[PDB]
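> The following block contains the structure, expressed as structure tokens.
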Amino acid sequence: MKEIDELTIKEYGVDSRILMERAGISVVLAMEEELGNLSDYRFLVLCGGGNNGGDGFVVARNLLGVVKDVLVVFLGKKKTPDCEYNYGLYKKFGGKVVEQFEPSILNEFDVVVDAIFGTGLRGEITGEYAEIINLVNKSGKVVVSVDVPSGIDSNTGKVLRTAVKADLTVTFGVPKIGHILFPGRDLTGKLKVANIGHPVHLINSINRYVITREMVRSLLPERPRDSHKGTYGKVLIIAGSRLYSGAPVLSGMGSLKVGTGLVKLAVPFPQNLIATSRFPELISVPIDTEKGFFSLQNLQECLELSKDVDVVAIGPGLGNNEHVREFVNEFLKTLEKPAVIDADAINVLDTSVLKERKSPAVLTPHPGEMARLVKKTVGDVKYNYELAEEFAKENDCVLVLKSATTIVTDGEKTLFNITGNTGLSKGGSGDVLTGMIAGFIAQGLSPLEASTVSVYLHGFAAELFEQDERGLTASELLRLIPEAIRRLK
Amino acid sequence: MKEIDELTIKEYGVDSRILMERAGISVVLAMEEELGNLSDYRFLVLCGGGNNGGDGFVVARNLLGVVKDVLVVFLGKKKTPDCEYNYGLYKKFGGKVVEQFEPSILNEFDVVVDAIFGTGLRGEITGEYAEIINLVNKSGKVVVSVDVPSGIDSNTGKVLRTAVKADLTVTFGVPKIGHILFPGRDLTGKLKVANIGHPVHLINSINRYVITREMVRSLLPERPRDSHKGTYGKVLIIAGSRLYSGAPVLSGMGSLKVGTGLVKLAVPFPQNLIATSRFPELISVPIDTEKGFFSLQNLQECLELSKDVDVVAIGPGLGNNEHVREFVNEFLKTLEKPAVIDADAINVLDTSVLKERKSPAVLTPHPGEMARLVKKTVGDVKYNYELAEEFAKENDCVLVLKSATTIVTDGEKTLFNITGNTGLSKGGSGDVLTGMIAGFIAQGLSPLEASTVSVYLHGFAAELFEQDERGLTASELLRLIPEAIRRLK
Amino acid sequence: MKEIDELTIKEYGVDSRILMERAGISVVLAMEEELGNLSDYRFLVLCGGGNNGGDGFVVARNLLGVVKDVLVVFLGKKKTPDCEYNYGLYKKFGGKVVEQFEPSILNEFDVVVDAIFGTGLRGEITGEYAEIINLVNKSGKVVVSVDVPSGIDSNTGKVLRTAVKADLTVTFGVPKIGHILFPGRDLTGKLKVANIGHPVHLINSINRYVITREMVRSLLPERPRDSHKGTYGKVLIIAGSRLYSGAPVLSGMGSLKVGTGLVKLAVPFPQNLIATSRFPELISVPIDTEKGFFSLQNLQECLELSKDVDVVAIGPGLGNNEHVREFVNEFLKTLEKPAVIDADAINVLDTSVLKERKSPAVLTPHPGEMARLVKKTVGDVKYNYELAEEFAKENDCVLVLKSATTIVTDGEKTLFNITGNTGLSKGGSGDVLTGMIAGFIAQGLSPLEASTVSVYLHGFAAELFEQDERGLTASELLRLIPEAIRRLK
Amino acid sequence: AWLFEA
Amino acid sequence: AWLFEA
Amino acid sequence: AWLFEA
Amino acid sequence: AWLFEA
Ligand SMILES: NC(=O)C1=CN([C@@H]2O[C@H](COP(=O)(O)OP(=O)(O)OC[C@H]3O[C@@H](n4cnc5c(N)ncnc54)[C@H](OP(=O)(O)O)[C@@H]3O)[C@@H](O)[C@H]2O)[C@@H](O)CC1
Ligand SMILES: NC(=O)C1=CN([C@@H]2O[C@H](COP(=O)(O)OP(=O)(O)OC[C@H]3O[C@@H](n4cnc5c(N)ncnc54)[C@H](OP(=O)(O)O)[C@@H]3O)[C@@H](O)[C@H]2O)[C@@H](O)CC1
Ligand SMILES: NC(=O)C1=CN([C@@H]2O[C@H](COP(=O)(O)OP(=O)(O)OC[C@H]3O[C@@H](n4cnc5c(N)ncnc54)[C@H](OP(=O)(O)O)[C@@H]3O)[C@@H](O)[C@H]2O)[C@@H](O)CC1
Ligand SMILES: [K+]
Ligand SMILES: [K+]
Ligand SMILES: [K+]
Ligand SMILES: [Mg+2]
Ligand SMILES: [Mg+2]
Ligand SMILES: [Mg+2]
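Protein chains in written order, with the deposited numbering: chain R, 1 to 489; chain C, 1 to 489; chain F, 1 to 489; chain L, 2 to 7; chain A, 2 to 7; chain G, 2 to 7; chain H, 2 to 7.
And the structure:
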């Protein structure tokens with residue numbers, strides 16, 4: 001993207017001033033779209049001395065004459081050439097600029113246009129810029145951020161000491177990671193991605209992307225009329241324990257609610273009985289255990305059950321002890337079907353196993369399980385897309401690291417999911433996702449593809465809950481899934 | 001139908017040119033009904049040299065003067081007499097005809113009227129006709145097929161190498177099998193059955209038919225106000241196993257949701273407990289087994305349970321092993337009540353048993369089970385209505401071969417069901433149908449009748465699902481059934 | 001405006017490439033606003049070698065990647081620097097350009113963007129450019145003109161041999177005269193005036209303007225609650241003849257319907273009787289004439305009637321003979337009240353009279369009367385704003401030259417009226433306007449002001465007719481006036 | 002209903 | 002209103 | 002759609 | 002429009 005402005009200037013020959021101009025007017029038009037007619041408003045434009053501020057000067061100049069008032073507070077020491085050009089124009093067109101920030105100047109304005117720092121923030125905002133960002137945040141005025149809210153690191157979404165909380169962010173070309181990962185995503189407000197004249201080739205050459213509605217629509221498997229359950233595949237879910245009788249039902253149903261033909265659960269007796277008492281459409285095979293947990297004595301029975309399915313999901317509610325450990329590692333090692341590995345399957349996994357497996361795998365950890373899995377702290381793995389990338393690539397798998405933004409990666413292509421809400425922050429929601437993913441593999445999508453579609457639909461089902469999200473539970477989420485799908489199409 | 005045109009000409013005395021004329025104008029009126037006012041459109045009529053092309057010439061002639069443009073591409077070597085008559089008229093009225101097909105002539109037209117081959121296709125479309133059909137299919141223009149989309153074998157619904165994918169098919173007199181079985185049904189698009197002047201006697205003399213809404217409406221049993229559960233009959237379902245605890249619930253509920261008075265399940269302990277925990281209106285009898293499967297040691301208990309019911313359904317989730325085999329064959333052989341036999345009952349059935357049974361039977365196999373049942377390949381039995389016919393007739397039963405189009409036959413009368421969608425392509429949907437059928441026998445309909453009503457309503461319930469069909473599951477289907485019925489009436 | 005681009009570049013320092021860029025994207029956004037989502041369309045951009053074509057290249061480049069297709073037909077010999085820059089970018093971004101115009105290339109496109117000539121057209125379009133403009137005009141495709149439809153002279157609205165008939169014209173900064181005078185106005189289609197970054201100061205420094213709704217709203221006189229008829233002034237209309245008994249009623253009523261307090265007509269007996277029989281609210285004074293026409297023997301009576309009014313309107317239906325001539329010239333010469341002079345008052349006027357009058361005057365001729373008045377041909381005076389300007393300035397008056405676009409000038413400020421329709425093309429409509437103008441002078445607006453407000457409201461009343469405009473008559477127009485006013489506010 | 006049936 | 006005027 | 006994407 | 006005209 002920094003490579004992209006460069007390329008469009010240096011190779012394609014677009015004057016950098018033209019790119020700047022297009023940036024600034026696009027902010028003006030985005031504000032108008034959001035606020036209605038802008039002539040009622042007094043605008044306080046906050047400008048640093050890099051090109052982010054230059055963008056600001058464009059905005060400020062283009063409001064001169066059309067709005068009730070415009071003031072620019074300039075807060076940089078030096079000005080980049082384009083910023084300098086544009087300060088020069090602002091002044092020639094009659095615009096007013098001050099360099100000192102009086103706490104009280106917020107009183108005489110309605111909108112703050114925040115053009116202090118963009119992609120060129122390095123390290124921490126302290127001093128004058130700190131005070132000022134805090135002042136705007138305490139002010140209750142309408143805040144519009146140019147490109148990125150000043151103080152979000154645009155590569156991680158990290159807050160550098162402090163950061164502008166925007167109502168609207170207008171970014172150029174493509175969204176940056178800091179709009180997509182938290183806390184940055186939270187401080188972006190409504191995000192608009194403006195087209196400022198980059199060639200389409202370049203825009204699309206981006207190694208990472210947000211999972212969009214159009215992308216999932218085109219990945220959905222076809223439903224040919226002449227079909228039967230076999231067309232839509234078979235899933236086995238190896239799950240449950242005397243501690244966790246409910247997890248398997250949630251997985252099984254996630255598989256069914258996404259269109260799979262046949263879902264066979266394999267769960268310790270009598271816990272298997274639970275599944276069909278609530279949803280008798282599931283088949284729930286009783287497995288005879290010594291203690292209520294899977295062990296090596298169930299390995300062969302499970303490999304037999306796997307011979308006639310298309311994908312196996314393993315992990316929800318298995319329990320985390322040494323019997324489950326021996327079992328899950330010997331099973332995965334010998335299973336020559338695609339595997340979806342989740343939950344306690346992940347907790348006891350030896351990862352050499354993934355390396356020595358000829359068949360493919362998706363792992364679906366939350367950051368607790370990821371931390372454990374790679375022997376790192378929760379804070380180190382959270383939103384760490386490079387770590388996720390290096391892990392997928394290394395172990396020949398797909399990683400789905402679940403979070404409010406979920407990362408989905410295979411080591412080459414990385415997608416970010418942004419559908420969902422805090423009703424998914426509740427036990428069981430992950431167990432539903434494992435089934436969805438297994439279900440889409442079963443219907444012939446690749447692991448990356450199934451995983452992409454699944455996190456999108458899963459999040460979107462949560463959003464369609466008709467009452468407060470905090471009351472959502474995994475059973476309701478199951479019901480909303482076929483609605484997410486209909487609404488997708 | 002070929003016998004029908006013949007008879008209406010040869011015996012009833014309708015000039016074959018009059019039948020042709022009525023065919024062509026009916027296509028014009030069907031297009032107008034579907035497309036609105038036709039004068040905005042340019043029409044490319046593709047005509048072979050048999051009467052199907054003759055029909056085409058009529059269409060073409062009757063659009064001359066009223067539409068923006070008309071061209072006929074004629075692709076036959078010789079012309080049948082009626083086709084010749086009609087080519088002659090097209091030309092005399094001023095119509096344009098070419099014999100070479102330029103790939104690009106699709107550009108200058110909006111609708112393709114496909115009149116190359118109809119019921120007189122023999123064997124494979126290769127060469128010029130192949131290229132052309134492919135070209136139209138790649139073109140994204142609005143395609144209207146005369147009688148049958150060229151390349152569908154009108155007796156089987158088979159695609160002969162390639163075939164026209166129509167938006168609309170206008171057929172004459174009665175639908176042909178190739179509109180009703182797949183893939184033909186898929187390539188027909190919206191189908192209109194035009195009346196072109198055949199005597200009604202002949203039209204109704206047709207040995208086969210589609211199950212219509214009017215037919216099921218009149219077959220529904222009466223619900224007299226002065227009644228009680230006994231009026232509406234008693235069903236026993238012999239089903240389930242330690243592997244399949246859910247199947248029985250789905251069958252039982254299918255029986256209840258269609259109006260049966262009393263449903264008694266007979267299922268291995270403790271699996272029987274499952275049914276009433278979800279739907280306590282069911283009665284679910286515990287049967288004591290050695291291994292979790294029905295065996296000969298349960299024969300007498302089951303014959304006792306059968307003495308006081310009206311129909312017995314057997315098979316869903318029984319399991320497929322030798323204990324179930326001995327049991328199901330000794331039971332059926334001795335049961336003097338009507339039987340609905342499904343699923344694993346079918347998998348272990350000896351068919352002499354059906355021949356030596358005085359009481360009636362409906363079998364409800366999917367093509368996997370049909371193949372197994374008659375020791376033939378899945379591809380051989382799929383959509384094989386003659387095989388189904390010969391089997392029903394031979395074994396004195398009703399066959400319901402489940403498929404997107406389901407065949408229902410007793411060996412004399414054959415009906416095709418076309419309600420449904422791919423949400424029924426999912427385990428459990430068949431188990432619901434067995435209960436529906438048993439339920440309607442119980443209410444006094446004959447096996448053929450119950451089976452007809454049941455596949456229609458079953459398919460129609462699936463269609464009434466309010467969210468995407470791929471998310472439908474057997475539990476929801478249960479709930480939609482009483483709505484299909486209301487909506488029927 | 002050419003001075004304006006120059007000034008914004010040369011003095012304000014806006015790179016001319018930035019102005020060009022803003023021009024082109026504004027065309028893209030105007031098209032999108034008018035056509036909806038642009039991605040369905042194939043675009044043929046026609047580009048000359050001046051900056052108008054440069055604007056075209058911007059449009060073309062900015063559609064690349066987003067629309068189904070883009071082709072540029074380049075038709076200039078050389079390229080100006082900015083056009084050259086932008087051709088260079090179009091090509092680098094992957095755009096296709098041809099130099100030969102095939103008649104048939106219209107077939108493969110949906111929208112023609114016309115960027116051949118703008119404000120830099122000089123003299124006649126012949127040859128290749130002629131053929132091409134004609135071809136696009138015969139094509140029935142959606143035509144969008146950049147700045148000015150190629151072939152309209154932007155200073156007069158004249159068609160230079162031939163000219164593009166646009167569905168939409170997007171112009172930059174301010175409308176040009178050729179959008180406002182005919183035939184240019186007719187060939188402009190829907191006009192959008194885009195802001196491309198000119199300083200507001202410059203935009204507003206324009207000596208001429210279209211009469212807008214906001215301008216008339218602010219010119220309307222206040223109606224203070226504590227008022228009476230005297231507040232709102234007194235008008236005398238000296239009008240009518242044995243030939244024209246109706247004109248005076250129409251004038252009188254125009255005065256009343258715009259809010260004047262008191263309207264006194266002075267009309268030859270018994271013709272004066274006509275006015276009050278239809279509208280008894282008018283006062284209609286009988287004047288005793290020898291022949292049915294005003295003469296010198298009525299001079300004193302009329303000067304007496306003028307002593308107690310605020311403005312006098314003279315001319316509608318007076319007749320054009322020597323008695324009226326002596327009368328109108330001696331009257332005007334002696335009248336020390338503001339005069340509105342129309343119709344036959346104008347036909348017999350000696351213009352020295354206007355020069356030797358201390359009090360002010362508005363003249364309201366149509367081009368027939370203007371021609372006669374300045375001893376020039378109708379074709380010479382039609383839409384001749386410079387002539388109108390020179391005449392007002394010279395004779396210390398306001399000229400209102402009535403036409404589908406009416407020019408209103410005082411010699412310094414010139415306004416163009418564009419409200420109205422062809423229902424005003426019918427006798428009587430002018431007679432209503434004279435009363436409206438006199439009425440607003442009476443309420444205290446200046447002659448320029450009254451004239452501005454009056455032509456706007458007059459045209460706007462015609463537009464509010466609820467049935468076909470050709471059926472409109474002056475009596476209905478009277479009734480619509482108080483609605484134009486309400487709808488103004 | 003006379004001409005067509007769907 | 003900012004960009005266009007009709 | 003041309004300028005913005007949300 | 003094809004068949005009838007009123
Ligand atoms: N109805 C059922 O049958 C259900 C059964 N389930 C089954 O439970 C089993 C154990 O699963 P689990 O995910 O609760 O614990 P585990 O894998 O040991 O991680 C442990 C530590 O990680 C932390 N942490 C937890 N979540 C985090 C997050 N989202 N992001 C970041 N950190 C997070 C967390 O911290 P804490 O909450 O303790 O502060 C915790 O201490 C598994 O088999 C599953 O399928 C569940 O699906 C629920 C419903
Ligand atoms: N919740 C429960 O308790 C449920 C329990 N149920 C119980 O499961 C039992 C076994 O039933 P079943 O129909 O799955 O296998 P069966 O009769 O052995 O045929 C085997 C082979 O045929 C093939 N094939 C399968 N379907 C086909 C089709 N539609 N059209 C064409 N071909 C088809 C298929 O090929 P595959 O999918 O393997 O490629 C397969 O390998 C039975 O007791 C039933 O009641 C089910 O109702 C589900 C829910
Ligand atoms: N109900 C009544 O009492 C009415 C009475 N009225 C009274 O009639 C009187 C004479 O008025 P007048 O405008 O008809 O002729 P005048 O001033 O001699 O010009 C003559 C020549 O100019 C030409 N020409 C005409 N219009 C043109 C135009 N718009 N734009 C360009 N050219 C135009 C025209 O050409 P022609 O139509 O002959 O081809 C014509 O030959 C006046 O006292 C008026 O108040 C009228 O208001 C009607 C209703
Ligand atoms: K910023
Ligand atoms: K055909
Ligand atoms: K132009
Ligand atoms: Mg979990
Ligand atoms: Mg089955
Ligand atoms: Mg007149």
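C-beta: ideal position from N, C-alpha, C; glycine also.
1. What residue range is occupied by the uninterrupted alpha helix (DSSP H) comprising residue 492 of chain R?
2. Consider the C-beta atom of F:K402 and the heavy atoms of ligand 3; say whether any pair is separated by less than 8 Å.
3. Given that residue 496 of chain R touches chain F, what residues does it touch there, using C-beta distances under 9 Å?
4. With 9 Å as the threshold, decide whether the Cβ of R:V66 is near any Cβ in chain F.
5. Note down, in chain order, all residues in the stretch 75-90 of chain F with a beta-carbon under 9 Å from any beta-carbon belonging to chain R.
6. For a test of the three-state rule: what should DSSP assign to C:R225, helix, strand or coil?
7. Looking only at DSSP bridge pairs, what is C:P268 linked to?
8. Which first and last residues belong to the alpha helix (DSSP H) in which C:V59 is found?
9. Can you confirm whether R:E32, when its beta carbon is compared against all beta carbons of chain A, has any partner nearer than 9 Å?
10. Any heavy atom of ligand 4 closer than 8 Å to the CB of F:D147?
11. What do you reckon, are the CB atoms on C:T119 and C:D82 nearer than 9 Å?
12. Using a threshold of 9 Å, state whether the C-beta atoms of C:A313 and C:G435 are closer than that.
13. Going by C-alpha distance, which of F:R22, F:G36 and F:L38 is nearest F:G56?
14. Hey, would you say the C-beta of F:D114 is under 8 Å away from at least one heavy atom of ligand 6?
15. I believe F:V374 touches F:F391 by the beta-carbon criterion, under 8 Å. Please report the beta-carbon distance rounded to the nearest angstrom.
16. Just the Cα atoms here: how many angstroms apart are R:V200 and F:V144?
17. Looking at the structure shown, is R:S295 part of a helix, part of a strand, or coil, going by DSSP?
18. Whole angstroms are fine: how far does the CA of C:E33 sit from the CA of C:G173?
19. So does R:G430 have its beta carbon nearer than 8 Å to some heavy atom of ligand 7?
20. Can R:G427 be considered in contact with ligand 7, in the sense that its beta carbon sits closer than 8 Å to one or more heavy atoms?
21. Indicate whether the contact test is met: 3 or more Cβ pairs, each with one atom in the stretch 205-217 of chain F and one in the stretch 36-46 of chain F, closer than 8 Å.
22. Within 10 angstroms of its Cβ, does F:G123 collect 16 or more other Cβ (buried), or is it exposed?
23. Under 8 Å, CB to CB, which of the residues in the stretch 188-214 of chain F have a partner in chain A?
24. Is the beta carbon of R:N347 within less than 8 Å of some heavy atom of ligand 1?
In terms of the structure at hand:
1. Chain R is shown only over 1 to 489; residue 492 of chain R falls outside these bounds and no answer can be derived.
2. Yes.
3. The requested residue 496 of chain R does not occur in the structure, where chain R is confined to residues 1 to 489.
4. yes
5. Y85, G88 and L89
6. coil
7. Its beta-bridge partners are C:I287.
8. Its alpha helix (DSSP H) spans residues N51 to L63.
9. Closer than 9 Å to some Cβ of chain A, the Cβ of R:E32 qualifies, so yes.
10. no
11. no
12. yes
13. F:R22
14. yes
15. 7 Å
16. 24 Å
17. coil
18. 18 Å
19. yes
20. yes
21. no
22. By the neighbour-count definition (other C-beta atoms within 10 Å, threshold 16), F:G123 is an exposed residue.
23. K190, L191, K192, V193, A194 and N195
24. yes
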